[PDB]
Amino acid sequence: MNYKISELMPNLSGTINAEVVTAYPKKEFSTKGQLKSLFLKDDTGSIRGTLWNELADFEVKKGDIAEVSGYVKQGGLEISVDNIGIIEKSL
């Protein structure tokens, strides 16, 4: 089932449909990795999302409503993104 952010639990893998409230600058490091953090929100709460490696270059904009699938862990909670798609563009 699709989850509301308030329903997320640690060590849980699921999908949430949420608004990108913020998209932070991509960070590159070392044989090669990348990180792009997102702050996601729905009508029940907010959570940090982490886009790794190639997904750090995924075209996402503030205001976009995205389908984010991933693993929830304590970082409070954060979702390590496995897959992301745009449901409705900010525009």
# chains A, B, ... in the order shown; residues from 1 in each chain; ligands from 1
>>> residues_around(residues="residue 58 of chain A", least_positions_apart="4", cutoff="12 Å", atoms="only C-alpha atoms", output="CSV table (one decimal) with C-alpha atoms, in the first residue's frame")
chain,number,residue,atom,x,y,z
A,23,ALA,CA,16.0,20.1,-2.8
A,26,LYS,CA,24.2,17.6,-4.7
A,34,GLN,CA,26.8,11.3,-5.0
A,35,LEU,CA,24.1,12.5,-2.6
A,36,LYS,CA,21.2,14.8,-3.1
A,37,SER,CA,18.9,15.4,-0.1
A,38,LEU,CA,15.2,16.3,-0.4
A,50,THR,CA,18.2,10.8,0.2
A,51,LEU,CA,19.0,10.3,-3.5
A,52,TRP,CA,22.2,8.4,-4.1
A,53,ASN,CA,24.6,8.2,-6.9
A,54,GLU,CA,22.8,8.4,-10.3
A,66,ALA,CA,6.8,12.7,-6.4
A,81,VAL,CA,15.4,6.4,-2.1
A,83,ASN,CA,13.2,4.8,-7.0
A,84,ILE,CA,11.6,8.2,-7.7
A,85,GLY,CA,9.1,9.4,-10.3
A,86,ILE,CA,7.2,12.7,-10.8
>>> closest_residue(among="A:8, A:40, A:87, A:21", to="residue 65 of chain A", atoms="only C-alpha atoms")
A:87
>>> select_by_dssp(residues="segment 3-82 of chain A", states="helix (DSSP H, G or I)", output="MDAnalysis selection string")
chainID A and resid 5:7 53:57
>>> residues_around(residues="residue 20 of chain A", least_positions_apart="3", cutoff="10 Å", atoms="only C-alpha atoms", output="compact mmCIF listing (two decimals) with N, CA and C atoms, in the first residue's frame")
# COMPACT_ATOMS: atom_id res chain seq x y z
N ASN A 17 3.75 9.38 -1.59
CA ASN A 17 3.52 10.36 -2.65
C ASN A 17 3.61 11.66 -1.89
N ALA A 23 15.04 20.99 -2.07
CA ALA A 23 15.98 20.13 -2.77
C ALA A 23 17.33 20.78 -2.49
N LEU A 38 16.50 15.68 -0.15
CA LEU A 38 15.22 16.30 -0.43
C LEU A 38 14.44 16.37 0.87
N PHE A 39 13.60 17.38 1.02
CA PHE A 39 12.75 17.44 2.19
C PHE A 39 11.37 17.22 1.60
N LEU A 40 10.73 16.14 2.03
CA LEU A 40 9.43 15.75 1.51
C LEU A 40 8.32 15.96 2.52
N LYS A 41 7.13 16.28 2.02
CA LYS A 41 6.00 16.52 2.91
C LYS A 41 4.67 16.10 2.29
N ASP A 42 3.77 15.59 3.12
CA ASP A 42 2.42 15.27 2.67
C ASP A 42 1.49 15.83 3.73
N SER A 46 6.46 15.27 7.49
CA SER A 46 7.58 15.54 6.61
C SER A 46 8.72 14.58 6.93
N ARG A 48 13.04 13.49 5.50
CA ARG A 48 14.18 13.73 4.62
C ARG A 48 14.32 12.54 3.68
N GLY A 49 14.60 12.82 2.42
CA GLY A 49 14.79 11.76 1.45
C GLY A 49 16.20 11.87 0.90
N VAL A 60 14.37 16.97 -10.27
CA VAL A 60 13.30 17.23 -9.32
C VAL A 60 13.34 18.70 -8.95
N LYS A 61 12.17 19.30 -8.80
CA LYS A 61 12.08 20.72 -8.48
C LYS A 61 11.17 20.92 -7.28
N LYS A 62 11.39 22.01 -6.55
CA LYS A 62 10.55 22.31 -5.40
C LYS A 62 9.13 22.47 -5.92
N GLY A 63 8.18 21.88 -5.21
CA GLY A 63 6.79 21.97 -5.64
C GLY A 63 6.33 20.71 -6.35
N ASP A 64 7.27 19.94 -6.89
CA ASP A 64 6.91 18.70 -7.57
C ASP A 64 6.33 17.73 -6.57
N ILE A 65 5.38 16.92 -7.03
CA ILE A 65 4.78 15.90 -6.19
C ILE A 65 5.39 14.62 -6.75
N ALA A 66 6.14 13.92 -5.91
CA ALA A 66 6.82 12.73 -6.36
C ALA A 66 6.43 11.44 -5.68
N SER A 90 5.55 20.70 -10.42
CA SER A 90 5.26 21.92 -9.68
C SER A 90 4.40 22.88 -10.48
>>> atom_distance(atom1="atom CA of residue 10 of chain A", atom2="atom CA of residue 31 of chain A")
28.7 Å
>>> select_by_dssp(residues="chain A", states="strand (DSSP E or B)", output="ChimeraX atom specification")
/A:2-3,12-23,27-29,33-42,45-52,65-74,77-88
>>> residues_around(residues="residue 7 of chain A", least_positions_apart="5", cutoff="12 Å", atoms="only C-alpha atoms", output="PyMOL selection string")
chain A and resi 1-2+12-16+42-47+72+77
>>> closest_residue(among="A:67, A:55, A:18, A:88", to="residue 6 of chain A", atoms="only C-alpha atoms")
A:18
>>> closest_residue(among="A:19, A:68, A:56, A:27", to="residue 3 of chain A", atoms="only C-alpha atoms")
A:68
